[PDB]
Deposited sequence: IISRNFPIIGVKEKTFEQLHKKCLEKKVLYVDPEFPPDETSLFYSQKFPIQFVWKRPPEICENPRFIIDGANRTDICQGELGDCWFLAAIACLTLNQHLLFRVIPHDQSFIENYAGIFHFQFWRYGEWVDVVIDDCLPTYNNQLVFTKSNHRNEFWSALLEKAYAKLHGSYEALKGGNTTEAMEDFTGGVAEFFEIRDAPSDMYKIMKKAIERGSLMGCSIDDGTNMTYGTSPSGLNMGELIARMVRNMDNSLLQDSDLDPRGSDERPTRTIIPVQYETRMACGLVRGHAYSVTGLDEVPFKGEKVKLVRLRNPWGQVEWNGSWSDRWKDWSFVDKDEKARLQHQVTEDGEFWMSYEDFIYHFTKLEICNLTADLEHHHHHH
């Protein structure tokens, strides 16, 4: 279609519109080479563009929110937790996602994203062919079936690593730095200082990204609703009145978009009845299986082992 070895998104976009053709990326083509390098995936995939998947595809629907990041059949929770964190700071999100992009205006089958690499912003261009099975995305999707920014972001990040398979292992902090240029620090929660709630509270209010995990030694599920060896996004911290004393809470989101903690302060916990109507509104309490839930600060430090904060420079 084109010879793209050193050409910008603008150049390629304009050329495709002139030629009246959908872009096919020579550097990261829609075939098995872009999926894996060693192990194959068990199911064989068809590559389709979002217009081929649904009638009215959209890049962004109702903003870029954490609810748009739902994990599929690829173990890249480390990266997905990081994007979800990033959506809590919209200001920073728009440096990674160019928002002037669309399926309904100047569509030429080509998109781009920006990552922070070796001390500068780097532009990554992709065709919009995505892996599918039975006409559904197999990897990351949004909970809205017509929204495609998070699927395409994953493709672009996979391209930056050489393949989808190259996203299988990783650390949330690697991704946080790729989105922000911040400096990461990690904390073992067993050596957590006495004031870590306060540290966590200051970090989210500053727009620092925060992930966490439970040490391991489709990932291991626990009866309490948590998942071991799995990256969670920390999406809020608050105190709430409950039977006289103020209880400290932590809000997490499972990047699966489902499977939540079921203990104290979970969605369907009966003793939410005892909490004031205005407080429930303040904490955006919702009984919906979206992967997001509140737990007590005490239960949090008991279960979780790693805490990762990416601070802005």
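The deposited sequence has C-alpha coordinates everywhere except the stretches 1-7, 225-276, 373-382.
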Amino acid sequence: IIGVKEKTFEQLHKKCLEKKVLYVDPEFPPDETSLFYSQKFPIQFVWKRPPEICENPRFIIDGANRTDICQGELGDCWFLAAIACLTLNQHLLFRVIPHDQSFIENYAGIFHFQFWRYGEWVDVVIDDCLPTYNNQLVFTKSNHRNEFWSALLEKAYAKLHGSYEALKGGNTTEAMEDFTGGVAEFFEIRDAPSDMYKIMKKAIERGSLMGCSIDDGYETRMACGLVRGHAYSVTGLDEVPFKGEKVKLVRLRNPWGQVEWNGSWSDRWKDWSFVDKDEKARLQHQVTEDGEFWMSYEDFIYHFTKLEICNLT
From here on, numbers count along this sequence of modelled residues.
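Just going by the entry, 187-195 versus 122-130 on mean CA temperature factor gives the higher value to 187-195. For the pair 152-160 and 136-144, the mean Cα B-factor is higher in 136-144. Highest C-alpha temperature factor among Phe28, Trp47, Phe59, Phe274 per the entry: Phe274.
In this PDB entry, the Cα temperature factor of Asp68 sits in the bottom third of its chain's modelled residues, the lowest group. Per the deposited record, the Cα B-factor of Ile104 falls in the middle third when ranked against the other modelled residues of its chain. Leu252: CA B factor lies in the lowest third for its chain, per the PDB record. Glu32 sits in the middle third of its chain by CA B factor, as recorded in the PDB entry. Ranked by C-alpha B-factor against the other modelled residues of its chain, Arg221 falls in the highest third.
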